[PDB]
Amino acid sequence: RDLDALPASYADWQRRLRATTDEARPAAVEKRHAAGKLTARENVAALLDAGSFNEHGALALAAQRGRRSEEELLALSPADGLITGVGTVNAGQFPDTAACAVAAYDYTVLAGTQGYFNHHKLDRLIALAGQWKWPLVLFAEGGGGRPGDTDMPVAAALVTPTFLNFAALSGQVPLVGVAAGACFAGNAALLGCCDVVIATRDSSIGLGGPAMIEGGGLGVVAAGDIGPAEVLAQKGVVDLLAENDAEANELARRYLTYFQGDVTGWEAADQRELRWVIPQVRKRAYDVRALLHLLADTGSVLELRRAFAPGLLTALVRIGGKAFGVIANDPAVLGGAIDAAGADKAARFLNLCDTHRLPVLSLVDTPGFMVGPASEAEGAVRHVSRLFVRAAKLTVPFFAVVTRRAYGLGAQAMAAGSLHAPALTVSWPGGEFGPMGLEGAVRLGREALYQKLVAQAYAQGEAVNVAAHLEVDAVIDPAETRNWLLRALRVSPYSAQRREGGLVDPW
Amino acid sequence: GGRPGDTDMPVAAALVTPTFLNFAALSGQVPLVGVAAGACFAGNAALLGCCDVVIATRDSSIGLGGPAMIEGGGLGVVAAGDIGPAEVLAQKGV
Amino acid sequence: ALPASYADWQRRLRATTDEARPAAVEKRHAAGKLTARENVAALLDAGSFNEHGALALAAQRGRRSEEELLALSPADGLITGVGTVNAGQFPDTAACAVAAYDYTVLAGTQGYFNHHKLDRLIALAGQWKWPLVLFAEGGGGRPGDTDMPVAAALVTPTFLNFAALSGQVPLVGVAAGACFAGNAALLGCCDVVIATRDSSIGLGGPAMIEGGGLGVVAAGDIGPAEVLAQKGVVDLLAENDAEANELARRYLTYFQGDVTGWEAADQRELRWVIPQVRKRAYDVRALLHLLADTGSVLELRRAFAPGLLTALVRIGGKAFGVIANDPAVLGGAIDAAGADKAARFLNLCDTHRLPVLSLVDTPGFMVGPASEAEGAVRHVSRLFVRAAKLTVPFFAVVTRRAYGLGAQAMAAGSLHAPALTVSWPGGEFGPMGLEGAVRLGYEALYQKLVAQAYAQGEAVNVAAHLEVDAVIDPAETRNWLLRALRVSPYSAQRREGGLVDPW
Amino acid sequence: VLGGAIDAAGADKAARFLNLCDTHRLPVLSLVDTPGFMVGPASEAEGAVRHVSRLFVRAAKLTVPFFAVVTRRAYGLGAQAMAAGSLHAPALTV
Amino acid sequence: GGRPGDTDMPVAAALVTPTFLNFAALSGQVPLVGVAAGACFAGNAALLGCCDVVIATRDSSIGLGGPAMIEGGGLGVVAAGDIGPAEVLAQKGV
């Protein structure tokens with residue numbers, strides 16, 4: 001009985017446990033690091049706080065005992081290629097809301113494929129995550145269903161509940177998906193059900209891998225690669241585009257902070273600069289992202305889904321340490337008009353914020369909904385209707401700041417249905433309101449009478465007159481925006497409970 | 001869509017109208033049936049798009065902007081007919 | 001500096017300030033009154049105010065220049081917004097909405113735009129649970145808002161939506177002058193009505209009175225606050241605008257949570273406030289100020305039904321609502337008006353989640369044909385019906401007399417209805433009244449039977465029969481209550497669809 | 001009686017009756033023929049401001065159907081109170 | 001009870017089977033009727049014991065362990081019919 005030693009019977013367990021470590025698999029780690037990539041174990045170590053990890057199923061092996069020796073399986077399939085457990089994330093800043101489940105496929109184990117045992121491993125984590133409300137971070141790198149788990153009898157294997165039970169977590173807990181490499185079939189199915197999709201630039205994502213496609217050799221010269229992260233970002237599948245595994249890992253940690261509570265020690269730029277971001281000349285464009293970074297807490301801006309529907313910006317930010325979701329028109333894209341894709345992007349982001357109980361700020365500078373036969377052929381009538389239907393069901397505080405233009409139903413949709421739907425609606429002094437392009441409206445409805453009617457219509461749509469008719473709550477100094485928003489939020493009580501049976505629509 | 005000549009009432013921009021939000025709020029509470037039998041533009045189309053089902057006659061044209069609204073900003077000349085033909089919008093899921 | 005385009009906005013914004021209207025401020029101060037802007041500044045903490053609709057003007061753009069409207073109708077005569085009140089002491093429960101009519105702007109009348117201003121404030125207050133303070137001074141509906149054509153204009157939901165806030169949030173009404181028609185309608189729906197002595201409140205103004213055939217009344221005489229205090233319409237009678245404003249802040253503190261740094265008198269004084277000699281009266285308000293934390297007593301509705309006292313107080317920093325019989329009025333008997341006052345006060349405390357203390361010193365319900373002709377049977381039943389639905393802690397302290405059904409009503413239905421019922425050593429209990437009881441049932445034998453009945457009603461024998469939980473030293477009253485409240489958990493949530501009945 | 005005016009007692013009678021019907025789940029019909037609330041110093045001394053406020057406070061919390069039929073006169077705040085707060089408060093106002 | 005020889009798997013200890021927990025979870029949700037008509041041992045009796053009512057024929061034998069399980073650890077050679085006769089178990093409240 002030596003307390004500085006272990007009983008000799010622990011040897012076999014310690015041996016099998018070492019076989020799962022990166023240290024015991026140098027060849028695999030080297031090939032991984034040679035590509036500038038992280039191992040599955042390294043992703044768990046970078047995500048979770050040290051010493052917090054309760055691992056489930058570490059000693060698991062591939063369901064191929066009938067074909068392989070015990071020693072061959074141990075070298076072939078440590079953890080059966082999936083690391084599952086629960087720890088804490090960002091516990092230094094959020095000690096009371098740091099719970100975090102993790103599921104990380106190991107691509108060096110059978111191409112990160114989904115086998116019999118690692119399916120059950122993920123099933124158990126899903127069940128616990130739903131019962132105990134664990135946020136779940138999924139590193140989905142892998143090639144889909146595994147061929148050759150011969151130990152267990154099956155016919156078609158279409159009973160697997162993993163994808164349904166994982167999808168059921170939507171609306172219950174934050175779901176973070178990280179794709180760092182190949183991510184096909186069932187691996188991609190899980191990814192698509194997450195609140196946010198982070199993908200490295202070198203990633204390829206699809207419902208079917210190269211083998212399932214059978215486009216052949218050279219199929220790629222004409223068709224292109226299956227799902228390059230850069231394309232999928234433009235098509236709205238990838239929300240955050242990372243340059244490397246480490247950055248994709250950090251983006252998972254960053255993303256979660258917005259759902260872990262308030263922050264202290266925040267900073268803010270000189271708010272007087274907001275008076276000069278938008279030119280006093282009409283039409284002359286400006287950088288909306290510059291305006292947002294001035295308005296938001298220093299360093300708190302995490303824009304989501306930028307490449308998709310770029311006419312409408314969506315970002316998680318902080319104002320006074322308080323987590324906000326922001327929607328904003330980019331006047332540099334389509335004049336800031338709201339098209340079918342912009343409505344989807346805005347609607348789903350409202351879904352995200354309302355489900356996870358974050359307030360929403362809307363920066364309005366839009367000429368309204370896009371129009372014309374090309375727009376209608378994109379289904380614009382239905383897609384913009386997402387906004388009114390979603391905004392009518394919000395149960396979080398909603399604040400609207402008209403920075404410049406606010407025209408038509410599109411402007412009303414940006415303000416959650418109307419300029420009085422928000423808990424607070426303010427205009428900057430340069431605000432111009434009305435329906436549709438004011439110059440074109442009046443003349444279709446020689447120089448002296450036209451300029452008379454134009455000037456009266458602009459004067460009727462001026463911020464001061466719109467406010468005098470109570471359509472906005474106030475005209476404010478742009479430098480006072482944060483104060484107005486924080487004072488309003490301070491007196492905007494709402495429930496922190498998530499609605500039972502709610503969900504975050506993947507689109 | 002919106003009527004331009006209602007001069008009796010004082011207005012600035014008239015963007016406080018809750019009709020479109022309150023109509024969309026009925027979704028999930030009751031069945032909402034949308035019937036478009038002709039031209040259906042702007043706010044008229046907004047209400048239609050929020051319904052559970054959209055019924056349209058083949059001669060209907062549906063869009064978020066009428067001809068005047070389309071020329072009002074860049075996209076030049078289009079007749080009402082060609083803005084959003086029901087047969088096209090049927091293919092595009094509207 | 002500011003971009004040159006801000007010039008127009010800044011110009012119209014200055015026009016709303018008292019600085020830009022010296023005459024209006026001066027007319028106001030000459031009368032010892034505050035302007036609407038000053039009421040907001042005095043109520044709310046500096047820098048906390050989000051104002052909605054400051055740039056609004058009267059709906060008379062067809063009759064007047066914009067420059068004339070700017071001088072005639074800044075803010076359209078109504079200041080609306082949300083800030084904080086008493087945030088120094090209550091940082092986490094300081095939200096406060098305010099709507100203050102400006103009498104120097106079109107006689108504080110209710111016009112088209114300021115109606116919508118108040119509509120938006122009511123909707124936001126109800127959704128975000130803002131307490132709302134209304135300075136209701138004004139002459140009612142405005143004649144001359146010609147920009148909007150109307151028929152009868154009887155769809156205006158302002159009064160229904162404001163009344164709907166009752167039971168959702170605290171509603172404080174301040175009347176500092178003339179308050180007629182719709183202005184008085186809003187006021188009457190508040191939890192508490194504060195009025196200066198120079199106020200006159202009614203459902204109809206002088207024109208409305210003479211226009212309905214009832215002759216030539218001056219505004220002053222329609223409904224003087226001093227008279228209306230006796231009639232139960234005015235709950236707090238202020239000497240001037242400034243005191244009325246202060247009374248609004250004080251009233252709200254009781255609904256903002258517990259307090260620290262409190263003080264209390266020498267509780268042994270409570271042994272000597274009530275005479276050992278029967279019949280001998282005492283000052284109940286002196287007793288109350290000894291019991292409650294020093295300076296925490298705010299009596300409500302004193303002029304009305306003075307036989308039954310109602311007051312918000314603090315004990316050990318904890319907010320209490322207190323009801324108590326005044327033995328100096330009607331012998332402390334409970335009449336119809338005292339029942340209304342008590343019932344409505346229980347409504348207030350239960351709705352806004354305050355514990356209730358009852359100081360019992362009553363001969364019971366008033367009797368006689370005159371009392372029955374005041375509807376006594378119905379009015380006193382409100383006590384049992386109200387008390388049967390309480391969901392707050394209720395404590396009863398019998399300081400002296402406790403006779404009959406009235407005493408049971410003072411104890412929320414019976415001496416066992418409260419979570420704690422204690423008697424001071426001089427507690428005397430019984431029915432109807434002991435001297436009449438013996439005489440009606442049957443000189444030296446009479447004095448024998450009376451003394452036996454009083455001995456049967458002695459505190460010790462009543463406690464021995466378990467009708468009260470204990471007989472206590474009066475100096476230990478605060479301790480017994482605070483120990484009891486500490487183990488009296490209850491929901492701080494307000495009831496959905498609840499209300500505070502204006503009567 | 002009193003020209004059909006609504007005084008403090010009439011508000012108490014009506015309010016408590018609404019309480020009864022709403023509590024025991026009966027629909028309410030209102031037959032409106034009133035010049036409005038009683039006015040004058042004698043009325044105000046009956047506590048009219050508080051007593052008539054009961055109608056607005058009561059009607060705002062109704063959860064039964066309320067219908068208003070204006071048979072003739074409908075004047076002032078009193079008529080609005082007879083219609084459960086405003087002419088649009090009832091489920092049907094004719 | 002538990003079947004030996006289902007070699008298609010294999011298993012380690014096979015102590016994860018949720019059948020007995022999930023069957024017992026039906027208690028209080030729906031009526032549960034258990035009928036024993038013969039030998040009823042180990043997991044078979046575990047399900048039976050969780051029912052609202054247990055109906056057993058006289059010729060039944062019910063127990064948590066069959067003859068093999070009994071002889072498997074100490075308690076010698078009992079016959080199947082002797083393990084838990086319905087008549088005995090009726091007297092003992094099973």
# chains A, B, ... in the order shown; residues from 1 in each chain; ligands from 1

call {"tool": "interface_residues", "arguments": {"of": "chain A", "to": "chain B", "cutoff": "6 Å", "atoms": "only C-alpha atoms", "output": "ChimeraX atom specification"}}
result
/A:371-373,376,379,381-382,385,388-389,392,417-420,433-434,437,440-441,460-461,466,471

call {"tool": "residues_around", "arguments": {"residues": "stretch 92-107 of chain A", "least_positions_apart": "6", "cutoff": "7 Å", "atoms": "only C-alpha atoms", "output": "compact mmCIF listing (two decimals) with N, CA and C atoms, in the first residue's frame"}}
result
# COMPACT_ATOMS: atom_id res chain seq x y z
N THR A 39 -5.52 18.41 -34.09
CA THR A 39 -6.11 17.10 -33.84
C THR A 39 -7.44 17.26 -33.12
N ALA A 40 -8.24 16.19 -33.13
CA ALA A 40 -9.49 16.20 -32.38
C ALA A 40 -9.23 16.51 -30.91
N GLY A 81 -12.95 7.21 -33.08
CA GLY A 81 -12.89 8.38 -33.93
C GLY A 81 -13.74 9.56 -33.50
N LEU A 82 -14.33 9.54 -32.31
CA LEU A 82 -15.16 10.64 -31.83
C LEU A 82 -14.90 10.86 -30.35
N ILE A 83 -14.53 12.09 -29.99
CA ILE A 83 -14.31 12.48 -28.60
C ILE A 83 -15.59 13.13 -28.10
N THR A 84 -16.15 12.59 -27.02
CA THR A 84 -17.39 13.10 -26.44
C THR A 84 -17.23 13.32 -24.94
N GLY A 85 -17.73 14.45 -24.46
CA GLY A 85 -17.71 14.73 -23.04
C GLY A 85 -18.30 16.09 -22.77
N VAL A 86 -18.18 16.53 -21.52
CA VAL A 86 -18.68 17.82 -21.09
C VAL A 86 -17.61 18.49 -20.23
N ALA A 129 -27.21 16.34 -23.09
CA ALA A 129 -27.22 17.76 -23.40
C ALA A 129 -28.64 18.33 -23.38
N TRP A 134 -26.95 21.44 -21.92
CA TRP A 134 -25.56 21.72 -22.27
C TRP A 134 -25.49 22.34 -23.65
N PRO A 135 -24.84 23.49 -23.81
CA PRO A 135 -24.43 23.91 -25.15
C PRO A 135 -23.54 22.84 -25.75
N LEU A 136 -23.64 22.66 -27.06
CA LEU A 136 -22.93 21.57 -27.74
C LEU A 136 -22.13 22.14 -28.90
N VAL A 137 -20.83 21.87 -28.90
CA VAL A 137 -19.92 22.26 -29.98
C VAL A 137 -19.54 21.00 -30.75
N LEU A 138 -19.80 21.00 -32.05
CA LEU A 138 -19.57 19.85 -32.92
C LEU A 138 -18.45 20.17 -33.90
N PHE A 139 -17.37 19.39 -33.84
CA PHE A 139 -16.31 19.43 -34.85
C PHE A 139 -16.63 18.28 -35.80
N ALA A 140 -17.23 18.61 -36.94
CA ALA A 140 -17.93 17.65 -37.77
C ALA A 140 -17.05 17.01 -38.84
N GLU A 141 -15.76 17.35 -38.90
CA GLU A 141 -14.89 16.81 -39.93
C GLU A 141 -15.02 15.30 -40.04
N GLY A 142 -15.37 14.82 -41.23
CA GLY A 142 -15.55 13.39 -41.43
C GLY A 142 -16.25 13.05 -42.72
N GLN A 260 -23.68 33.77 -22.79
CA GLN A 260 -23.28 33.40 -21.44
C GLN A 260 -23.49 34.52 -20.42

call {"tool": "select_by_dssp", "arguments": {"residues": "stretch 28-94 of chain E", "states": "strand (DSSP E)", "output": "count of residues only"}}
result
14

call {"tool": "residues_around", "arguments": {"residues": "stretch 476-486 of chain A", "least_positions_apart": "5", "cutoff": "7 Å", "atoms": "only C-alpha atoms", "output": "compact mmCIF listing (two decimals) with C-alpha atoms, in the first residue's frame"}}
result
# COMPACT_ATOMS: atom_id res chain seq x y z
CA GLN A 271 -19.30 58.51 -29.99
CA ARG A 272 -19.06 62.00 -31.51
CA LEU A 274 -20.96 58.92 -35.36
CA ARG A 275 -22.06 62.43 -36.38
CA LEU A 295 -21.39 52.17 -31.96
CA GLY A 320 -22.51 48.50 -22.53
CA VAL A 426 -35.14 57.03 -32.82
CA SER A 427 -33.95 58.93 -35.88
CA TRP A 428 -30.67 60.70 -36.46
CA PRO A 429 -31.07 64.31 -37.66
CA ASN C 50 -35.93 58.99 -22.52

call {"tool": "residues_around", "arguments": {"residues": "residue C:111", "least_positions_apart": "5", "cutoff": "10 Å", "atoms": "only C-alpha atoms", "output": "list in words"}}
result
residues 57, 58, 59, 76, 77, 78, 106, 116, 117, 140, 141, 142, 143, 144 and 145 of chain C

call {"tool": "write_last_selection", "arguments": {"atoms": "N, CA and C atoms", "output": "CSV table (one decimal), in the first residue's frame"}}
result
chain,number,residue,atom,x,y,z
C,57,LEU,N,-46.3,68.9,-32.1
C,57,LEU,CA,-47.0,70.2,-32.0
C,57,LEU,C,-48.5,69.9,-32.1
C,58,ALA,N,-49.3,70.9,-31.9
C,58,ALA,CA,-50.8,70.8,-32.0
C,58,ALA,C,-51.2,70.5,-33.4
C,59,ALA,N,-52.3,69.8,-33.5
C,59,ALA,CA,-52.9,69.4,-34.8
C,59,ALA,C,-53.7,70.6,-35.4
C,76,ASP,N,-46.9,69.6,-27.8
C,76,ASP,CA,-48.4,69.5,-27.8
C,76,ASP,C,-49.0,69.5,-26.4
C,77,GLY,N,-48.3,70.1,-25.4
C,77,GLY,CA,-48.8,70.3,-24.1
C,77,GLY,C,-48.7,69.1,-23.2
C,78,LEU,N,-47.9,68.1,-23.6
C,78,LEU,CA,-47.8,66.9,-22.7
C,78,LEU,C,-46.4,66.3,-22.9
C,106,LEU,N,-52.2,75.5,-24.0
C,106,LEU,CA,-53.6,75.3,-24.3
C,106,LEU,C,-54.3,74.7,-23.2
C,116,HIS,N,-52.2,60.5,-28.7
C,116,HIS,CA,-51.3,59.4,-29.2
C,116,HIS,C,-50.0,59.3,-28.5
C,117,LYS,N,-49.5,60.4,-28.0
C,117,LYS,CA,-48.3,60.4,-27.2
C,117,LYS,C,-48.5,59.5,-26.0
C,140,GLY,N,-59.3,68.9,-20.1
C,140,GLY,CA,-60.0,67.9,-20.9
C,140,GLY,C,-59.8,68.0,-22.4
C,141,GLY,N,-60.8,67.5,-23.1
C,141,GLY,CA,-60.7,67.4,-24.6
C,141,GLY,C,-60.5,68.8,-25.1
C,142,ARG,N,-59.6,68.9,-26.1
C,142,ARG,CA,-59.2,70.2,-26.7
C,142,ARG,C,-60.2,70.6,-27.8
C,143,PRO,N,-60.7,71.8,-27.8
C,143,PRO,CA,-61.5,72.2,-28.9
C,143,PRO,C,-60.7,73.0,-29.9
C,144,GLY,N,-60.5,72.5,-31.1
C,144,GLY,CA,-59.8,73.3,-32.2
C,144,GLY,C,-58.7,72.5,-32.9
C,145,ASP,N,-58.6,71.2,-32.7
C,145,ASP,CA,-57.6,70.4,-33.5
C,145,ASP,C,-58.2,70.1,-34.8

call {"tool": "atom_distance", "arguments": {"atom1": "atom CA of residue A:454", "atom2": "atom CA of residue A:442"}}
result
6.7 Å

call {"tool": "atom_distance", "arguments": {"atom1": "atom CA of residue C:345", "atom2": "atom CA of residue D:54"}}
result
15.1 Å

call {"tool": "atom_distance", "arguments": {"atom1": "atom CA of residue C:55", "atom2": "atom CA of residue C:74"}}
result
7.1 Å

call {"tool": "residues_around", "arguments": {"residues": "stretch 229-237 of chain A", "least_positions_apart": "2", "cutoff": "7 Å", "atoms": "only C-alpha atoms", "output": "NGL selection string"}}
result
:A and (199-204 or 227 or 239 or 305 or 307-308)

call {"tool": "residues_around", "arguments": {"residues": "residue C:269", "least_positions_apart": "6", "cutoff": "9 Å", "atoms": "only C-alpha atoms", "output": "JSON, numbers by chain"}}
result
{"C": [287, 290, 474, 475]}

call {"tool": "residues_around", "arguments": {"residues": "residue D:93", "least_positions_apart": "6", "cutoff": "7 Å", "atoms": "only C-alpha atoms", "output": "PyMOL selection string"}}
result
chain D and resi 67-69+87

call {"tool": "interface_residues", "arguments": {"of": "chain C", "to": "chain A", "cutoff": "8 Å", "atoms": "only C-alpha atoms", "output": "list in words"}}
result
residues 2, 3, 5, 6, 8, 9, 48, 50, 51, 52, 53, 54, 55, 56, 57, 83, 95, 113, 116, 117, 124, 128, 129 and 130 of chain C

call {"tool": "closest_residue", "arguments": {"among": "D:15, D:49, D:6, D:31", "to": "residue C:179", "atoms": "only C-alpha atoms"}}
result
D:49

call {"tool": "interface_residues", "arguments": {"of": "chain D", "to": "chain C", "cutoff": "6 Å", "atoms": "only C-alpha atoms", "output": "PDB file with C-alpha atoms, in the first residue's frame"}}
result
ATOM      1  CA  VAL D  39     -71.519  66.733 -13.810  1.00  0.00           C
ATOM      2  CA  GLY D  40     -71.590  69.584 -11.319  1.00  0.00           C
ATOM      3  CA  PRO D  41     -70.297  70.219  -7.789  1.00  0.00           C
ATOM      4  CA  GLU D  44     -68.330  65.571  -7.652  1.00  0.00           C
ATOM      5  CA  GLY D  47     -67.101  60.822  -5.347  1.00  0.00           C
ATOM      6  CA  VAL D  49     -64.404  60.756 -10.289  1.00  0.00           C
ATOM      7  CA  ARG D  50     -63.513  57.613  -8.340  1.00  0.00           C
ATOM      8  CA  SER D  53     -63.390  55.169 -12.896  1.00  0.00           C
ATOM      9  CA  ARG D  54     -64.558  51.720 -11.762  1.00  0.00           C
ATOM     10  CA  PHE D  56     -62.964  51.711 -17.152  1.00  0.00           C
ATOM     11  CA  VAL D  57     -60.918  49.638 -14.694  1.00  0.00           C
ATOM     12  CA  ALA D  60     -60.526  46.650 -19.280  1.00  0.00           C
ATOM     13  CA  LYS D  61     -60.258  43.220 -17.615  1.00  0.00           C
ATOM     14  CA  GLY D  85     -64.112  51.740 -22.444  1.00  0.00           C
ATOM     15  CA  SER D  86     -64.491  52.884 -26.047  1.00  0.00           C
ATOM     16  CA  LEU D  87     -66.712  52.293 -29.061  1.00  0.00           C
ATOM     17  CA  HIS D  88     -64.192  49.703 -30.315  1.00  0.00           C
TER      18      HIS D  88
END

call {"tool": "interface_residues", "arguments": {"of": "chain C", "to": "chain B", "cutoff": "8 Å", "atoms": "only C-alpha atoms", "output": "short mmCIF file (atom, residue, chain, number, x, y, z; two decimals) with N, CA, C and O atoms, in the first residue's frame"}}
result
data_model
loop_
_atom_site.label_atom_id
_atom_site.label_comp_id
_atom_site.auth_asym_id
_atom_site.auth_seq_id
_atom_site.Cartn_x
_atom_site.Cartn_y
_atom_site.Cartn_z
N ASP C 147 -56.89 69.80 -37.84
CA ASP C 147 -56.17 69.07 -38.88
C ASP C 147 -56.78 67.70 -39.13
O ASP C 147 -56.65 67.14 -40.22
N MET C 148 -57.45 67.13 -38.13
CA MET C 148 -58.04 65.80 -38.22
C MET C 148 -59.55 65.91 -38.24
O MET C 148 -60.13 66.42 -37.27
N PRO C 149 -60.25 65.47 -39.29
CA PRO C 149 -61.71 65.43 -39.23
C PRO C 149 -62.18 64.21 -38.44
O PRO C 149 -61.59 63.13 -38.53
#
